[PDB]
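Protein chains in written order, with the UniProt record's numbering: chain C, 798 to 1234; chain F, 625 to 725; chain A, 625 to 675.
Where is the CB? At the ideal position from N, CA and C, for every residue including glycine.
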Ligand SMILES: *[C@@H]1O[C@H](CO)[C@@H](O)[C@H](O)[C@H]1NC(C)=O
Ligand SMILES: *[C@@H]1O[C@H](CO)[C@@H](O)[C@H](O)[C@H]1NC(C)=O
Ligand SMILES: *[C@@H]1O[C@H](CO)[C@@H](O)[C@H](O)[C@H]1NC(C)=O
């Protein structure tokens, strides 16, 4: 058989289904989302870290020039100094009295500890769900992973399950994402080569061990003043450090819908943001004929102390008469009330208690015990506990959320207004008939 | 998302809805709480209790429903009285043009 | 005259007219800048541009 039904994307909160073939016993179907994974396609632009800005020993020539040669090192800066007099300890370091050339060199390099404290820049294009479904039917379980796209049938070894397209596409990550030590940020990092000093992305490379490092650190070489040797350089601060100091909060603390952000691979796990239409091809071996199931002759339900809440705050007792002992399921036919137990055991002339969770002030819903439908109808009280630790199992509907007393007063006022309108038009028509004759 | 560095002893208020609220306090694991509708009233009772219960649940929906039903009853009574007045006019007009009738 | 002690990397805006603006940043010699009347539009073109 083929059955298509829509499930919320909530981790936990099993979803009730009663598949009902024409000549077969009704069969229970629990559809539970045990896991979810929004895993997007990420490619990396570069990696950045705090730089090292190593300055080598300056080159000196005495009564001779040192026009510097261009090099391929990161943020190379070679600059020539005239009228210098080098002086280390032990005396003046060369012969030439005043016409000396000093080639000062300054390039930049990764710090030795960049293999740990590094930020990797990625693009995020689109993300597709990969949900784990626990589906149980006819006392048979099946845990299987499916892609929520409408075509992939998942792990269809025995049970063929297609998760149709979800109603809304969330994608918590923006286009450009920075990952640093397991923390994920939506930062608008610069492109490869469009580098800005004093900001994030000032130094870029394709890999930590890569050799083609590019940087714009705004390094400036100054003419030396003291007699001793040194290379005076003024440089903008590390944009990695500035971004660390002004990172804001990562997406593990600000992602909507409660999406737990995890890394290697980048993904968002265990969050609900829509509805999945799942179509299931249940095999015919799971079903049984209606003659093998114990039919019900008389059955009546009475609810006791209904409290509408996220927890199972219901207790209904069904009194039944059955032909023969056997186990055969039970279901709640309203979207407002969902049962707790799916399959019950029915023997003869007895009573079974069941728990339900509802979101309506009135419990007025149909319970199918093993094929027979009954209307359970009474009033539910608001809870005394204000805050609960489990999510709501049923979404609220406008028709259900208004009680019988409130609807009675509303239609009482509306019917009074409409009845005065009708009798006014009636007496107007009577007056028109009297004056027309 | 609200992040705050707290020292000493204080009290922090957080509005929890039906969608829920997840809070992390220090190195502890996150705690998730869901607000369930527990308005101070009774949906099965006198109209004022129902009104205050639904107003505490949804204020704008309750006030627009109350305004709508008030407008409905005012229009119904006003138009019904207008029809009664028009019928009285059309009935008593022939007898008002003759004192001797 | 605007005087401010500044720590860390930050950007500061300053208004200069035709008269000029002289700024001193720490222990450097003062630097003078002068503004010129380069505004968007065209004094020789369509009327809305010159307005
Ligand atoms: C940078 O870090 C310092 C460290 O004391 C802190 O005071 C400051 O608020 C941070 N942010 C900026 C923008 O300077
Ligand atoms: C927090 O809310 C409670 C309501 O229970 C109120 O009594 C209290 O004054 C509020 N505290 C603050 C600091 O707003
Ligand atoms: C300075 O002026 C520029 C002009 O585009 C503007 O974008 C920027 O926000 C201004 N900054 C401050 C701190 O006023």
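Residue i CB to nearest chain C CB: under 9 Å?
i, result
"residue 632 of chain A", "yes"
"residue 657 of chain F", "yes"
"residue 662 of chain F", "yes"
"residue 679 of chain F", "no"
"residue 627 of chain F", "yes"
"residue 676 of chain F", "no"
"residue 671 of chain F", "yes"
"residue 683 of chain F", "no"
"residue 689 of chain F", "yes"
"residue 723 of chain F", "no"
Which residues does DSSP list as the beta-bridge partners of residue i?
i, result
"residue 1098 of chain C", "C/1115"
"residue 901 of chain C", "C/876"
"residue 1193 of chain C", "Per DSSP, none; premise fails for residue 1193 of chain C."
"residue 1222 of chain C", "Residue 1222 of chain C is not bridged to any residue."
"residue 829 of chain C", "C/931"
"residue 835 of chain C", "C/926 and C/1065"
"residue 1153 of chain C", "C/1136"
"residue 816 of chain C", "C/824"
"residue 703 of chain F", "Residue 703 of chain F pairs with nothing; no bridge assigned."
"residue 800 of chain C", "C/1077"
Compare the C-beta of residue i against all C-beta atoms of chain A and say whether one is closer than 9 Å.
i, result
"residue 992 of chain C", "no"
"residue 998 of chain C", "no"
"residue 786 of chain C", "In the structure as shown, chain C starts at 798 and stops at 1234, and residue 786 of chain C therefore has no counterpart that could be examined."
"residue 861 of chain C", "no"
"residue 995 of chain C", "yes"
Taking 9 Å as the CB-CB cut-off, is residue i touching chain F?
i, result
"residue 886 of chain C", "no"
"residue 833 of chain C", "no"
"residue 1184 of chain C", "yes"
"residue 1105 of chain C", "yes"
"residue 1213 of chain C", "yes"
"residue 1196 of chain C", "no"
"residue 1193 of chain C", "yes"
Taking its Cβ as the centre, do 16 or more other Cβ atoms sit within 10 Å of residue i, making it buried, or is it exposed?
i, result
"residue 1157 of chain C", "buried"
"residue 964 of chain C", "exposed"
"residue 1171 of chain C", "buried"
"residue 860 of chain C", "exposed"
"residue 923 of chain C", "exposed"
"residue 671 of chain A", "exposed"
"residue 1064 of chain C", "buried"
"residue 691 of chain F", "exposed"
"residue 639 of chain F", "exposed"
"residue 663 of chain A", "exposed"
"residue 936 of chain C", "exposed"
"residue 675 of chain A", "exposed"
"residue 943 of chain C", "buried"
"residue 1195 of chain C", "exposed"
"residue 1239 of chain C", "Residue 1239 of chain C cannot be examined here, being either before or after the span of chain C that is shown, 798 to 1234."
"residue 978 of chain C", "exposed"
"residue 677 of chain F", "buried"
"residue 814 of chain C", "buried"
"residue 803 of chain C", "exposed"
"residue 704 of chain F", "buried"
Any heavy atom of ligand 4 closer than 8 Å to the Cβ of residue i?
i, result
"residue 1043 of chain C", "Summarising the ligand content, the structure contains ligand 1, ligand 2 and ligand 3 and does not contain ligand 4."
Under 7 Å, CB to CB, which of the residues in the stretch 1041-1068 of chain C have a partner in chain F? 1046, 1050, 1051 and 1055
Only counting runs of 4 or more residues, tell me where the alpha helix (DSSP H) segments fall wholly within the stretch 996-1060 of chain C, in order along the chain. 1036-1042
Along the stretch 1025-1036 of chain C, where does the CB come closer than 9 Å to a CB of chain A? Name the residues. 1033, 1034 and 1036
Residues in the stretch 693-716 of chain F having any Cβ partner in chain C nearer than 9 Å: 693, 694, 696, 697, 698, 699, 700, 701, 703, 704, 705, 706, 707, 708, 710, 711, 712, 713, 714 and 715
Name, going along the chain, the residues of the stretch 1218-1233 of chain C whose beta-carbon falls closer than 8 Å to a beta-carbon of chain F. 1218, 1220, 1221, 1222, 1224, 1225, 1227, 1228, 1229, 1231 and 1232
Near-chain F residues of the stretch 1164-1182 of chain C (beta-carbon distance less than 8 Å), N- to C-terminal order: 1176, 1178, 1179, 1180, 1181 and 1182
Residues within the stretch 633-654 of chain F neighbouring chain C, beta-carbon criterion of under 8 Å: For the stretch 633-654 of chain F, which is checked against every Cβ of chain C, the residues closer than 8 Å are 640, 642, 644, 646 and 648.
For a minimum of 3 consecutive residues, which ranges assigned as the beta strand (DSSP E) are wholly contained in the stretch 920-983 of chain C? 937-944, 957-960, 973-977 and 980-982
What residues from the stretch 1198-1211 of chain C come within 9 Å of chain F, judged by C-beta to C-beta, listed N to C? 1198, 1199, 1200, 1201, 1202, 1203, 1206, 1207, 1210 and 1211
For the stretch 1166-1210 of chain C, list the alpha helix (DSSP H) runs that are entirely contained and at least 4 residues long, ordered along the chain. 1195-1198
With 9 Å as the C-beta to C-beta threshold (strictly closer), list the residues of the stretch 1145-1166 of chain C near chain F in chain order. 1156, 1158 and 1159
Taking the runs of the alpha helix (DSSP H) that are 4 residues or longer, which of them lie wholly in the stretch 631-675 of chain A? 671-674
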